[PDB]
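All remarks here apply to the structure that follows.
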Amino acid sequence: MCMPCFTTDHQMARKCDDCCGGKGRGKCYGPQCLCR
């Protein structure tokens, strides 16, 4: 899993999905960033 999902706003999911892989392989799930 990557850093949580509660930072910034116009640039938060821009690195979460990529942390797992990218192309929809990572999003903000509640209070925990995980892969698809």
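How things are named: the first chain in the structure tokens is A, the next is B, and so on; residues count from 1 in each chain; ligands count from 1 in the order shown.
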Could you pull out all residues of chain A with a DSSP call of strand (DSSP E) and give them as a count of residues only? 6
Mind listing the helix (DSSP H, G or I) residues of chain A, per DSSP on the backbone, as a PyMOL selection string? chain A and resi 13-20
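By only C-alpha atoms, and with residues fewer than 5 positions from residue 17 in chain A along its chain excluded, the set lying at most 9 Å from it is residues 2, 22, 23, 24, 25, 26, 27, 28, 33, 34, 35 and 36 of chain A.
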How about saving the chosen residues, C-alpha atoms kept, as an mmCIF file, in the first residue's frame?
data_model
loop_
_atom_site.group_PDB
_atom_site.id
_atom_site.type_symbol
_atom_site.label_atom_id
_atom_site.label_comp_id
_atom_site.auth_asym_id
_atom_site.auth_seq_id
_atom_site.Cartn_x
_atom_site.Cartn_y
_atom_site.Cartn_z
ATOM 1 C CA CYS A 2 1.173 3.608 -0.473
ATOM 2 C CA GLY A 22 -0.941 3.170 -12.700
ATOM 3 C CA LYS A 23 -3.709 2.798 -15.306
ATOM 4 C CA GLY A 24 -6.295 2.340 -12.530
ATOM 5 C CA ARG A 25 -4.051 0.018 -10.481
ATOM 6 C CA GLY A 26 -4.212 2.185 -7.348
ATOM 7 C CA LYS A 27 -6.785 4.571 -5.833
ATOM 8 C CA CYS A 28 -7.843 6.180 -2.532
ATOM 9 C CA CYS A 33 -4.259 3.894 -0.542
ATOM 10 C CA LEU A 34 -4.106 0.466 -2.237
ATOM 11 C CA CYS A 35 -3.829 -1.045 -5.737
ATOM 12 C CA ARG A 36 -6.774 -2.051 -7.956
#
So how far away is CA of residue 3 in chain A from CA of residue 20 in chain A, in Å? 10.6 Å
Could you tell me which of A:6, A:12, A:18, A:1 comes closest to residue 31 in chain A if we count only C-alpha atoms? A:6
